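Asks: Sequence order for the protein chains is A, D, F, E and B. Under PDB author numbering, the first residue of the first sequence carries the number 2, and numbering increases by one thereafter. Under PDB author numbering, the first residue of the second sequence carries the number 2, and numbering increases by one thereafter. Under PDB author numbering, the first residue of the third sequence carries the number 2, and numbering increases by one thereafter. Under PDB author numbering, the first residue of the fourth sequence carries the number 2, and numbering increases by one thereafter. Under PDB author numbering, the first residue of the fifth sequence carries the number 58, and numbering increases by one thereafter. Every residue gets a Cβ at the ideal spot worked out from N, C-alpha and C, and that includes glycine. One structure is given below, represented as structure tokens, and several questions about it will come after.
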Amino acid sequence: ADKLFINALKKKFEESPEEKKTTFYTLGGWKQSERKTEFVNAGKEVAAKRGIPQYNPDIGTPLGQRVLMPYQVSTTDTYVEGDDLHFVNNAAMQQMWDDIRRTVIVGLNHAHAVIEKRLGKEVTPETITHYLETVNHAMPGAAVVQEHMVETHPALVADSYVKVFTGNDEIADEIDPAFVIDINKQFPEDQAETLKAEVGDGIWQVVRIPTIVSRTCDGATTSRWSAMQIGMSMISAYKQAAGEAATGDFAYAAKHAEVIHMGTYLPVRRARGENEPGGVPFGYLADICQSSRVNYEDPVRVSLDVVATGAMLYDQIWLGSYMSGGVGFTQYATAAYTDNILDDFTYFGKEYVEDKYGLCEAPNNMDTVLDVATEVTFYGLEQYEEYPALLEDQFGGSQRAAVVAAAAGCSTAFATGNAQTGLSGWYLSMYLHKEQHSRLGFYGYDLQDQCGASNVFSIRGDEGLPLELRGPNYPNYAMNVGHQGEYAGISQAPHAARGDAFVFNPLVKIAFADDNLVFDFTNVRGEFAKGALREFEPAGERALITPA
Amino acid sequence: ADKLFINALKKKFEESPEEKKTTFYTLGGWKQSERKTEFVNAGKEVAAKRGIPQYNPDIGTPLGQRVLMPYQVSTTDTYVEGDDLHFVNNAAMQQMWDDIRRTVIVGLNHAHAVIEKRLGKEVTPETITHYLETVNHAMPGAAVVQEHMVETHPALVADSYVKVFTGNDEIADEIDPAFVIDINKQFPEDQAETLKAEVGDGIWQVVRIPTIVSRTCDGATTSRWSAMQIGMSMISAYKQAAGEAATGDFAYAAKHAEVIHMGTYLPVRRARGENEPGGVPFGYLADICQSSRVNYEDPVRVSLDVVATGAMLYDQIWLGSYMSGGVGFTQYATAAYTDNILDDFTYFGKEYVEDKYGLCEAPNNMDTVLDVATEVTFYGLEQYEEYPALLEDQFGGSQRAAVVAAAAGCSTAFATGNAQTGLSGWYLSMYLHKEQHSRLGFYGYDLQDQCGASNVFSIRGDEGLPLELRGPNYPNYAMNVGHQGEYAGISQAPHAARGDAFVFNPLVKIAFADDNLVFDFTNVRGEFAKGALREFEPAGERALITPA
Amino acid sequence: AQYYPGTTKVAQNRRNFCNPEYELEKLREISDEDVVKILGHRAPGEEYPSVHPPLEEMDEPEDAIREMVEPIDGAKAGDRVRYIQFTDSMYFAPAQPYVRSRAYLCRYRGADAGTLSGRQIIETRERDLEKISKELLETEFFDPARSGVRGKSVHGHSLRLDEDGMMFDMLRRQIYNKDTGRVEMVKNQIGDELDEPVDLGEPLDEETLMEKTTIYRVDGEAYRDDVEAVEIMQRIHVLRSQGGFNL
Amino acid sequence: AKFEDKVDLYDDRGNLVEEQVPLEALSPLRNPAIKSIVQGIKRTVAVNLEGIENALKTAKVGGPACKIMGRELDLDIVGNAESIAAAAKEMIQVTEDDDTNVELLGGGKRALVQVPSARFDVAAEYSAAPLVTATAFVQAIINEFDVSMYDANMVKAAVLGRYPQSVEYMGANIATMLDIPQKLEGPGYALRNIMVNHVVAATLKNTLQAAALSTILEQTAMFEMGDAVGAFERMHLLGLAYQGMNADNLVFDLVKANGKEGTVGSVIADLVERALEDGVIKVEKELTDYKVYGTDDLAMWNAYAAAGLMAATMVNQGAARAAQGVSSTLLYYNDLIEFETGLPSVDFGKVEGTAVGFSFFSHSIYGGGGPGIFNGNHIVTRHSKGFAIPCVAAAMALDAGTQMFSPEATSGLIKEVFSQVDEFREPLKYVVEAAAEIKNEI
Amino acid sequence: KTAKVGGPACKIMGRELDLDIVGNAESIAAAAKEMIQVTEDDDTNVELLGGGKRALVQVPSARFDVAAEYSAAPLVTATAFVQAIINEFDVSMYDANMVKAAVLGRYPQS
Ligand code: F43
Ligand SMILES: C[C@@H](OP(=O)(O)O)[C@H](NC(=O)CCCCCCS)C(=O)O
Ligand SMILES: O=S(=O)(O)CCS
Ligand SMILES: O=S(=O)(O)CCS
Ligand SMILES: [Cl-]
Ligand SMILES: [Mg+2]
Ligand SMILES: [Mg+2]
Ligand SMILES: [Mg+2]
Ligand SMILES: [Mg+2]
Ligand SMILES: [Mg+2]
Ligand SMILES: [Mg+2]
Ligand SMILES: [Mg+2]
Ligand SMILES: [Mg+2]
Ligand SMILES: [Mg+2]
Ligand SMILES: [Mg+2]
Ligand SMILES: [Mg+2]
Ligand SMILES: [Mg+2]
Ligand SMILES: [Mg+2]
Ligand SMILES: [Mg+2]
Ligand code: NA
Ligand code: NA
Ligand code: NA
Ligand code: NA
Ligand code: NA
Ligand code: NA
Ligand code: NA
Ligand code: NA
Ligand code: NA
Ligand SMILES: [Zn+2]
């Protein structure tokens, strides 16, 4: 019956969502808001304590001449003021990033070959389990060889550990299950078969370093820290000299030859090492999100969970802090994961496709792009025109451009089963939207949008790439809000419609299928809500080593 | 009378410090230690809660077959186990790095020229004050122009603010004093006069972004976050259009033309952006440390406070985590700031120099290097030979090498008044030490040491540089413990002997003379002791937004 | 060759360890099997593992250097490269870390030597390692109280001695027998128990340790008092310094 | 005629080829064969056509373990290699008569490509080689099979990998000896960022040719970096000649005299004797039963000492047929020769220092690896200005199979393609010949 | 003369060196050109401008024919001028590192 966003609009405003007029200016300004009132009071306290003015509602212009709205976290019944979705104020969002940043995947295949071929020693499921006991003591920062070592406090580093996975069920069954990511438990049968076949007899470690270290340091720490403690545990468990020539082979394997970073390093203007947000390709972000293994009968839900994951990380933390800062970009991102708005538009498109072509059954060509992206764009824009409350909700043109094009591009990919025609549909949506309303986004929103159509199918050096391989360092995408997380969703979309177990890297997909993570990647939007309510318990806090 | 380290030796061991024999093996292993006992219990709790084994004292070899020693933090009466000096376990150490990482210095000279010449508006102390009130609301993450902004919680970002300084006393007096770092209050008269002359009529901002943000993100965030909120505050306070062509001049000034980063970006193998430890030159580190403005009649104390600053940051955090990780490098660093050992050797050397030459009165040549570095090296090494307890305390050759050569190098620079001959004395020390004991440090300790003599006075492209300009990215120095913090000390040494107000950048010196910092840079070793005792309260915690 | 400057007993002992024509004093007899046991790389009677085929089974490139340089026997056979590692007490052990690495590359072919403060290692092909290790264990390179064979957990070079005059060992590989005055090796170099301990003989007495040591100390012969040795080190510093600036 | 020095030049069998060659005839700035080698390394690319085909058929593109389900494309690339390569060459070349070379290898599985010199004459650097080659092959494949607009982006990913999302060509199926300019440790370092294994591969494990190629690259970089300008030029030239080109047969003769039974220390003794015999060093002072040596020509002493260092490596690592100990030889050759003589070691301690760190980072947990993964641009091994890495190349050439990360493991594509180029495979021959040809122009 | 080397607002007190470089620009430039050129009368150019306050330098083409890239230009120029200034005033080994810092800055730390 109702569009999916109607309940949220009725919560925000006294008027029915269709009504065109309202009342302004008599709401009390900031005084209408519980959260702004909290902030006013805290600012006075802070300024007095430190002897320097801080938050003051009388500086600049007076917030709250209109309704300061609640937001529904999409797929939840949780309604919060938008400040509770700012990454600074939301521990769930900070932990989501920490859990990615502090992860690396490191093979044991080369390592086991060094042991067998260079050292002449045996590797068995028993020696692997012994090694895994050893590395789970050492990885958080504790000693195995030298006398008079000082160590990290176990409780400060409780979130760091090492697990393994392999496609060989019989071998997996022989390793203590405390250390194993069980692919057959975590994934539905057809997905498990695909993932096991991709891994084969390879054995891979998923290493998580301590959040407290990641926060003190940076993402490029992760693979170094991992390798040091892998190295020590190989010495201890396999009876090497503690520092012989073979020890260097384990180092080079763990740091270079068999490591999978979450993010690659960035060029000098935006200089950063590995495991920073800009290095994480869109296909990896889709695979980090675990919606695919729990919501696989609903491709829209899978795709929009990916969009939530990426809009928060890429717009709020990455573009809104690493690349800028200040108040930042909360609502540029919340547009993609609140009020069930993107959900309504994308369900529309999925239904359109299902009825016309069947999922994955449309021709992979421009005719399909023109059909589906145009239809879905016109639907979404019509909703802003029919529901003035919707338009006042997603008040910035950029937000609207992102949401409408995300639906258009995901729907096109649902039709073709191919992310590249989904991307073409995203750009067509932009062009149509711009002409319809004689506006699109902010001053710089459509840099990538105007380069977009020509670069979708280019094959040139710094232009051509399948969408799955693109990321925040693809040149056209390196600067602007309201695109990156949506592109992760479009990358996910054809794979979700196809029922594929992963989008770009099966190892990354399996690595986040782990109940010992702090953040729950199977329910990203639920976790955002939990953090907004101040109900999420992050790792990395220093309470144990500070005064009461 | 007694050597300065005698009391610490007598606290550690039952035997007199000169006794050659002891008793091992019957101490209970880890059970002798309160801290290790805490860790064993915590590891049981962690493993039980998460379902994966973690800290276990019986993995590997059994710690505590010898005495697990307390360490005296030098210049204090505080004795702690070494684990309490691990940066993970020490909130003072973490906050020291955060306070550096989250700081940038940003001129207002170009900005004020844009206002006067391009906008045609006046800049006065009153307009500067109004801008400072505005940017102290905005910088922590709060809005000044747009409607319907969501903001950071003021109490989470209470540590973020902007101050200014200028060499012009009369202008400084006209800006509201809540915002001014008062050079005449913070520095002794002669130092103040030097600093004011270097700054002149220039007006500089010291910007500190939120510790919670620095921890979530990275160092390269700092100057961006800074610039965004400077930009907003220039719009609000000087009545620009909110985004006109002139707005871009302010951006470029704050991000490029008049910014001073703490650290410069690093090459790809060790890829990192600005404001990471490897980018911080040794002369900046000396200037960050504030011992110079409080302990200026004691050049030893000033130099060794800089060594403590640098040994912790460069060895424990940078080399021991950013560049490696795991248990890391606590004791490679503590050797330089515990038990009053380095202090004994360096006071010896300063006394030798004062009596033979007078401080800063020796010829700046190789004769003075040979004399002073040889004498001080032989004194330090004799102490290890005369006191078996001292040798068992600084048990690793690298520790001894760094301590003895730091005393030799600082003393040579106290004689010459020039950091370069100090550096030559450091290398000579290493060569003598190696021949005396037929050992020096760990496998890779003297890479830089053997290149060292030849590269002190070289002028070639990637070889030649005054020591003050060198840092952790100088090629020879990029990898190894036991040198970088000591080099910061040697860079400080001649300037402390001379009475100079700064070593390499007067703006950096002034920027850390600020009582609103969290960490007390005037008493680095006292702060490390406070953190070891679990008495330091850091910024950046999330207690307010998590369950109680 | 002259090896090392200086006029002390220490300097002469450093020269003697380097000089392959100097016959090292043999202090103890150790069986072939017991060398294998201490090393811990293979069991007595186990065939040597290989890392590549024998050189006569491979087609090498035509190469005058290969023709001129005779491979050691373990290279001909394709043996693993394995190690032996020693720790030397600063309380007057006969050999010390740099003295070992310098001597090893004067005396032994095909050697990878590494020096650290608390450990010193040689790596070479396994069957050649066994031959070298006999000499390292039986001669004045080794004292069973002041030196230890240790492939891990090396702490002790800088520690006080125990009541028997033995260096600390976290893993207690070498045990002094109060009833004989002799030391037994009870574990291999990585710390695994031996079936049957190996007799290492009596520790050297204080006078003999002083005669044989290669460490300089104030309570023996101090380095600062070997003025010719010091002069040469200072000369090298000065010449390196000048050379880096100009020639 | 800047310098008076002359050297005698030999071949890799120890036979005299040309006597009395002016030192500057071996300079990178003068010698036309060094120019040819450097310009050849800038312009040569290996193409793995089999790899491109397999990446496309499986949709395994963009880096380790990566795959895009549903994107597979089954194209007969190897079977149509002659047509594809000819089409690529038409795009690569500037004119029909230029120095473009495109040669199929391995029945069409591989191609050797040398992009024309004219492209580099109007380029800032060397990345035109991989980038022109990659787009020519991408376009030739697309045109061969009429790959659609919708699918052609997969061909691009199979050829050049995840670039430009990654800074490097991550997952590419092309290779060069050089690496991208962003990875330089300093300006002027590009000729140093050539893995030792790649040099050993290109030279087919011929020890003296590997040493020569490495020395030519390292010393040529020293010119680009400005290290070999003014005061230090002669020192660098003499090091190229004596360490890398077997000048005066000094390396070869030291090896011959010490190869049957010798050690590092016996090589040192022979080198010191030879330097005394030749008047390069002389007794300066007598201590107590100890001779202090001096010299009036530090650059020549350094060159003699560097020849000895190379011979010590060949003797020590040659005897083991195992490369790992090169880090030890580089350390203790230098440590021992300073206490033998009272004179500074090679590169005034910088070889010794490089060797300390190299030893650590080839025997520890912290980084590095085996000898073959190092190079003059590696943070561990950049410190000596050309005097250390050529010994590492000699040692890896002599390794009989002890290394996990061997040239077979790291450098197979490089081996197949770059060893085809005569001046890369046998550079000593060409440099000696060119020096002889220009001897009267100096 | 001010010891202001190594980046914005940087200074090393006690390291000042009072050298009349502009007054001796012709000698210094000639000496630098001898090091920059490969052969006499090649395409090296070194031209003083602004009364000796500035110099135009064109590093010989032969250096780039055997180079990977273009950094030989600043690096060769910098070292030639460093060496020429040291030689002009007989700057001591102890002080010459300041000349290097004045020409090329904080490289290689930056
Ligand atoms: C396995 C290695 C080789 C390698 O790459 N790194 C090691 C081990 C590593 C581990 C040891 C942790 C553990 O026991 O699990 C850590 C803590 C680095 C990490 N992964 O966190 C470390 N070394 Ni080490 N390492 C040290 C040291 C040293 C000294 C110890 C000599 C002695 O007589 O005890 C020697 C080098 C030397 O001989 O000079 C040394 C060797 C070694 N170092 C030998 C093991 C030695 C042994 O078998 O006992 N370290 C030191 O000299 C003091 C500082 C100390 C470091 C920890 C701290 O700073 O608190 C630690 C620093
Ligand atoms: C050498 C290099 O490692 P790679 O050879 O590149 O793996 C480098 N590590 C280090 O320099 C480690 C320094 C800290 C640990 C050793 C301290 S002595 C780095 O990770 O970039
Ligand atoms: O107004 S601008 O488009 O420049 C910035 C939008 S946040
Ligand atoms: O033993 S090593 O010198 O490699 C490492 C010392 S922490
Ligand atoms: Cl010369
Ligand atoms: Mg109503
Ligand atoms: Mg109404
Ligand atoms: Mg096995
Ligand atoms: Mg479990
Ligand atoms: Mg269990
Ligand atoms: Mg007034
Ligand atoms: Mg006195
Ligand atoms: Mg016998
Ligand atoms: Mg027996
Ligand atoms: Mg031949
Ligand atoms: Mg066919
Ligand atoms: Mg032709
Ligand atoms: Mg076509
Ligand atoms: Mg001989
Ligand atoms: Na309502
Ligand atoms: Na209506
Ligand atoms: Na306001
Ligand atoms: Na930048
Ligand atoms: Na607390
Ligand atoms: Na006592
Ligand atoms: Na243990
Ligand atoms: Na790296
Ligand atoms: Na000319
Ligand atoms: Zn961080």
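Below 7 Å, is the gap between the Cβ of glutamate 131/F and the nearest heavy atom of ligand 14?
Replies: For the purposes of this step, residue 131/F is taken as residue 130 along the third sequence, with counting starting at 1. False, no ligand heavy atom lies under 7 Å from that Cβ.
Asks: Is the region 169-189 of chain F close to the region 103-119 of chain F, with three or more CB pairs under 8 Å?
Replies: Because the criterion of three Cβ pairs below 8 Å is not met, the region 169-189 of chain F and the region 103-119 of chain F do not touch.
Asks: Using three-state DSSP, classify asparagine 91/A as helix, strand or coil.
Replies: Locating residue 91/A in the first sequence gives position 90, where the first residue counts as 1. Here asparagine 91/A sits in coil by DSSP.
Asks: Please name the residue or residues paired with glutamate 185/F in a DSSP beta bridge.
Replies: Here residue 185/F is taken as the residue at index 184 of the third sequence, counted from 1. The partner list for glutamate 185/F (beta bridge, DSSP) reads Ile176/F and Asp200/F.
Asks: Does the region 335-353 of chain A come into contact with the region 374-382 of chain A, if we say contact requires no fewer than three beta-carbon pairs (one atom in each stretch) closer than 8 Å?
Replies: In short, these stretches touch, since the Cβ pair count reaches three.
Asks: From the DSSP secondary-structure annotation, give me the bridge partner or partners of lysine 283/E.
Replies: Looking up residue 283/E in the fourth sequence gives position 282. According to DSSP, which records beta bridges pairwise, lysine 283/E is partnered with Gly295/E.
Asks: Relative to the C-alpha of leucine 470/D, which candidate in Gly453/D, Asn506/D and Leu441/D has its C-alpha closest?
Replies: Here residue 470/D refers to the residue found at position 469 when the second sequence is read from its first residue. Per the Cα distances, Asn506/D.
Asks: Beta-carbon within less than 7 Å of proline 189/D's beta-carbon, same chain only, minus the 5 sequence neighbours each way: which residues are those?
Replies: For the purposes of this step, residue 189/D is identified with residue 188 of the second sequence, where counting begins at 1. Closer than 7 Å at Cβ, skipping near neighbours: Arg294 and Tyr297.
Asks: Could you tell me which of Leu360/A, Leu534/A, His111/A and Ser325/A sits nearest to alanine 255/A, measuring between CA atoms?
Replies: For the purposes of this step, residue 255/A is identified with residue 254 of the first sequence, where counting begins at 1. Checked all of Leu360/A, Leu534/A, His111/A and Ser325/A; the closest Cα to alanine 255/A is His111/A.
Asks: Would you say the beta carbon of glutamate 393/A is closer than 7 Å to some non-hydrogen atom of ligand 7?
Replies: Locating residue 393/A in the first sequence gives position 392, where the first residue counts as 1. Incorrect: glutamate 393/A has no Cβ contact closer than 7 Å to ligand 7.
Asks: Whose C-beta lies closer than 7 Å to the C-beta of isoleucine 53/E among residues of the same chain, with five residues either side of it excluded?
Replies: Taking the fourth sequence and counting its residues from 1, one reaches residue 53/E at position 52. Cβ within range, chain order: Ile78, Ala159, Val160 and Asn174.
Asks: Grouping DSSP H, G and I as helix and E and B as strand, with all else coil, what is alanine 144/A?
Replies: By one-based count along the first sequence, residue 144/A stands at place 143. In this structure, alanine 144/A counts as coil in the three-state DSSP scheme.
Asks: Nearest CA to the CA of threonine 135/D: which residue from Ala247/D, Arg67/D, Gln437/D and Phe180/D?
Replies: Residue 135/D sits at position 134 when you count from the first residue of the second sequence. With distances taken between Cα atoms, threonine 135/D lies closest to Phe180/D.
Asks: Taking 7 Å as the cut-off, is the CB of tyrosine 444/A close to at least one heavy atom of ligand 3?
Replies: To locate residue 444/A, count along the first sequence from 1; it is residue 443. Answer for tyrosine 444/A: yes, Cβ within range of ligand 3.
Asks: Could you tell me whether any Cβ in chain F is nearer than 8 Å to the Cβ of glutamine 230/A?
Replies: Residue numbering aside, residue 230/A sits at position 229 when the first sequence is read from its first letter. No - not a single Cβ of chain F is within 8 Å of the one on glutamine 230/A.
Asks: At a cut-off of 7 Å, is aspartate 356/D close to ligand 12 when judged by its beta-carbon and the heavy atoms of the ligand?
Replies: Counting from one through the second sequence, the residue named residue 356/D turns up at place 355. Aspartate 356/D Cβ: within cutoff of ligand 12.
Asks: Using beta carbons (cut-off 8 Å, strictly below), is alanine 104/F in contact with chain D?
Replies: Counted from its first residue, the third sequence places residue 104/F at position 103. No, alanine 104/F lies away from the interface with chain D (no Cβ there is under 8 Å from its Cβ).
Asks: Just reading off the beta strand (DSSP E) that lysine 164/A is part of, what are its end residues?
Replies: To locate residue 164/A, count along the first sequence from 1; it is residue 163. From DSSP, the beta strand (DSSP E) with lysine 164/A extends over 162-167.
Asks: Tell me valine 207/D's beta-bridge partners as DSSP assigns them.
Replies: Taking the second sequence and counting its residues from 1, one reaches residue 207/D at position 206. Answer by DSSP bridge pairing, in chain order: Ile106/D and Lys164/D.
Asks: Flag this pair as yes or no: are the beta carbons of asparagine 154/E and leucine 466/A separated by less than 8 Å?
Replies: Locating residue 154/E in the fourth sequence gives position 153, counting from the first residue. Locating residue 466/A in the first sequence gives position 465, counting from the first residue. Taking 8 Å as the Cβ cut-off, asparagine 154/E and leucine 466/A qualify as a contacting pair.
Asks: Mind checking whether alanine 112/F and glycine 358/E have CB atoms under 8 Å apart?
Replies: Indexing the third sequence from 1 puts residue 112/F at position 111. Indexing the fourth sequence from 1 puts residue 358/E at position 357. Result no, Cβ atoms of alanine 112/F and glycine 358/E do not sit closer than 8 Å.
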